[PDB]
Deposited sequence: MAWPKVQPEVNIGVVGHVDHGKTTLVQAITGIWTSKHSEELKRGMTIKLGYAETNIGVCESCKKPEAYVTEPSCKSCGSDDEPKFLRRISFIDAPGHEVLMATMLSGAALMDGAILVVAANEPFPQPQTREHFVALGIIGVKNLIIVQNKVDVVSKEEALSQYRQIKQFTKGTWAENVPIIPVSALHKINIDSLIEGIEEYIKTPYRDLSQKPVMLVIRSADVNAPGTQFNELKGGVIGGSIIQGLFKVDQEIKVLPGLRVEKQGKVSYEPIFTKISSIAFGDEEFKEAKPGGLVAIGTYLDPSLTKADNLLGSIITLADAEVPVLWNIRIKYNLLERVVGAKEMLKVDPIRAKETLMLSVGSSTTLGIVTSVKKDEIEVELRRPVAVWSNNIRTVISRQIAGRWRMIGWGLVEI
């Protein structure tokens, strides 16, 4: 029997609307992440999450030898496959109005799959925008998956293949592989598993770093395999980006609970202890980077699920983490509005304007109070928890009623 371990790597799945991201995750994991019959009142808005084990049948033909279940009967072997690792997928919504959600999920990714529909002109707006965001944030362990190849001839697929290679030529993604599949009919998925093992290696983890977990609200993610057992108290979900946490460790939620004392709005950190640690349906004594973890606490559930709880990160109780209402950012602007149907030119940052800041897994609006050539200073509508000095931020500006990614930078403390 394969061992029960936590997922050790997060693979993002991004791409233009309806290109088949959720169906590809289902092809790999067997899990349909988005309740898709109807949603709220015309797309999925939450992140999708699913996990799978990955194995390989030793004396069997590749790529068919790679498996996602402990069986080798498909290749004539009577042995169990060799367990390789457990992986997880962060499924981001494709709609252009939901870019903040993609950026929030991109903070959790160790690698990424860019889904490109073979029956659509390349590149579509969010194909370009999700690709640029990946390079901006540093998720450069990328596989480009040519989905829906069942719809088109081998000629048309190869034609689009050459377009993608020319698009990536001269960029950081020049050597990125392109793997054609049919997610819906599960064709050539084995070559994608092989590509994942070859191009999305599990990253080195510095397990001595100060433990930091980026929180994902329960209402912002669909994780069918994970469940909130809250007999001991509220459960907080998210992903560990550095260090490790253990059961019985004293922790704090930052910035914390909104409090208005005499008309003064502040955020009080919430302290608790880790009652339990869960990945999917299994309990663990420790939690490392990789996978969506469920941190069981002793807090009352009405607190952990409250909208007034600005729970952006979790750290150890005695960790030093500034919570800033004002931040300075060494920024860089793009050359063009990438996610629009027509690529506008981006105007420079001007004082007194409102910008959207993606920091870790949170999004915050703020007022520019100082503009320089390579630095800005922002008055934040809500504080952000800054656990390090080299923290990436993505800058967005509202254009035509839609927030569009215009630049990036580093939060300087």
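A.B. asks: What ranges of the deposited sequence are left out of this structure?
C.D. replies: Since the structure holds only modelled residues, the stretches it omits are 1, 43.
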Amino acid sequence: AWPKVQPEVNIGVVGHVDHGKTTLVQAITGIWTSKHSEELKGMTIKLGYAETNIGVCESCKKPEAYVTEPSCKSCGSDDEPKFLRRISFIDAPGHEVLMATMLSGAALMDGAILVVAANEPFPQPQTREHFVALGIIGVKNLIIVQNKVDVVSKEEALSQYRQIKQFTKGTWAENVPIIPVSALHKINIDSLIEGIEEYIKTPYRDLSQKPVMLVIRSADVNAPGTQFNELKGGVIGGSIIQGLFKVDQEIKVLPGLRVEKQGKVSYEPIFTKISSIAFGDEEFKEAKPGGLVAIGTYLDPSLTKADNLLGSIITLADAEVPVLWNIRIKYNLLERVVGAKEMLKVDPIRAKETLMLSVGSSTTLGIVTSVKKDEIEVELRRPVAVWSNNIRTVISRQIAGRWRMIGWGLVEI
From here on, numbers count along this sequence of modelled residues.
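A.B. asks: Out of 246 to 254 and 167 to 175, which stretch has the higher average CA B-factor listed in the record?
C.D. replies: Higher mean C-alpha B-factor: 167 to 175.
A.B. asks: Can you let me know which of the two, 373 to 381 or 66 to 74, has the higher average C-alpha B-factor in the entry?
C.D. replies: Stretch with the higher mean C-alpha B-factor: 373 to 381.
A.B. asks: Which has the highest CA B-factor per the PDB entry: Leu47, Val346, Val359, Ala27?
C.D. replies: Max CA B-factor in the entry, restricted to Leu47, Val346, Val359, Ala27: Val346.
A.B. asks: Highest Cα temperature factor in the entry, among the options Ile189, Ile113, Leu292, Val338: which one is it?
C.D. replies: The C-alpha B-factor peaks, among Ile189, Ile113, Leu292, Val338, at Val338.
A.B. asks: With respect to C-alpha B-factor, does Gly105 fall in the lowest, middle or highest third of the chain as deposited?
C.D. replies: Ranked within chain, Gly105 CA B lands in the lowest tercile.
A.B. asks: Hey, what third does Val9 fall into on Cα B-factor, ranked over its chain?
C.D. replies: According to the entry, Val9 has a C-alpha B-factor in the chain's lowest third.
A.B. asks: Among the chain's modelled residues, which third holds the C-alpha B-factor of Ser275?
C.D. replies: Its C-alpha B-factor, which the entry lists for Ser275, ranks in the middle third among residues of this chain.
A.B. asks: Please place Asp206 in the lowest, middle or highest third of its chain by C-alpha B factor as given in the entry.
C.D. replies: For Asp206, whose C-alpha B-factor we compare with every modelled residue in the chain, the answer is the lowest third.
A.B. asks: Lowest, middle or highest third: where is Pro301 by Cα B-factor in its chain?
C.D. replies: Top third by C-alpha B-factor.
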